[PDB]
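Going from the sequence shown to PDB author numbering is simple: count from 1 and add 565.
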Amino acid sequence: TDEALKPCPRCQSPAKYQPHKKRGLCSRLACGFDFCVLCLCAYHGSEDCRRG
Ligand SMILES: [Zn+2]
Ligand SMILES: [Zn+2]
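Have a look at this one:
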């Protein structure tokens, strides 16, 4: 099994990982970011990710 926590796309800090919501929230109070864990952009909820 093992643990999982993803780096924040702004500051690379270990963000609070939410695999049940495909969401990640930064632990750095000056950064305070909310991202999609599939494409590492600002969180887009129920929408699908984008190519690049
Ligand atoms: Zn951050
Ligand atoms: Zn995405």
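Quick reminder that beta carbons are idealized off the backbone N, C-alpha and C, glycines included.
* Nearest-angstrom Cα separation, counted from residue 583 out to residue 611 -> Residue mapping note: residue 611 aligns to position 46 of the sequence shown, counting from 1. Residue mapping note: residue 583 aligns to position 18 of the sequence shown, counting from 1. As the crow flies, the alpha-carbon of residue 611 is around 14 Å from that of residue 583.
* Asked: Around the Cβ of residue 606, are there at least 16 other Cβ atoms within 10 angstroms (buried) or fewer (exposed)?
  -> Position 41 of the sequence shown, counted from the first residue, corresponds to residue 606. The residue is exposed, with fewer than 16 neighbouring Cβ atoms inside 10 Å.
* To do: Could you give the DSSP three-state label for residue 608: helix, strand or coil?
  => Position 43 of the sequence shown, counted from the first residue, corresponds to residue 608. For residue 608, the secondary structure class from DSSP, reduced to helix, strand or coil, is coil.
* To do: For residue 614, collect the residues of the same chain with a Cβ closer than 7 Å to its Cβ; drop the 5 residues on either side in sequence, then sort them by chain order.
  => Residue 614 sits at position 49 when you count from the first residue of the sequence shown. For residue 614, where only same-chain residues beyond five positions count, the Cβ hits under 7 Å are 601, 603 and 604.
* Are the CB atoms of residue 592 and residue 579 nearer to each other than 9 Å? -> In the sequence shown, residue 592 corresponds to position 27, counting from 1. In the sequence shown, residue 579 corresponds to position 14, counting from 1. With respect to the 9 Å criterion, residue 592 and residue 579 are classified as neighbours on the basis of their beta carbons.
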